[PDB]
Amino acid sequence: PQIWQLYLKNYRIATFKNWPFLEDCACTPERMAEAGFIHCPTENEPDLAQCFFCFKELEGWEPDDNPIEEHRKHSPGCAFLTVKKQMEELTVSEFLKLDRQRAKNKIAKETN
């Protein structure tokens, strides 16, 4: 279990609460979390989502938005996006590979 349940959809899905766009539209909380986003709104940033992997923030969503393409567009180099396979299907080999990058990204985020 530990501190990285965000590798798991269900946990990312949980992050969504008050997320407008409720069901049947390309931007359901399930499609979003599927793309790697978590929900972290604020006074001024109601619909602010962030990739648990890239840490890159993005705003301005609309019911008919495919979360993956916007993610793909504004963060072309997200390793999470390369794996055309759900985390559950990644070997522990690939998961440990992948998680080396994630942590490296985290630091590059405080690097600002």
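For every residue, the number given is its place in the sequence shown, counted from 1.
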Item to check | Between the two ranges 66-74 and 37-45, the one averaging a larger CA B factor in the entry | outcome: 37-45
Checklist entry - Taking only the CA atoms, which stretch has the higher mean B-factor in the record, 55-63 or 83-91? => result 83-91
Item to check | CA B-factor ranking of residue 26, expressed as a third of its chain | outcome: highest
Checklist entry - In terms of the CA temperature factor given in the entry, to which third of its chain does residue 6 belong: lowest, middle or highest? => result middle
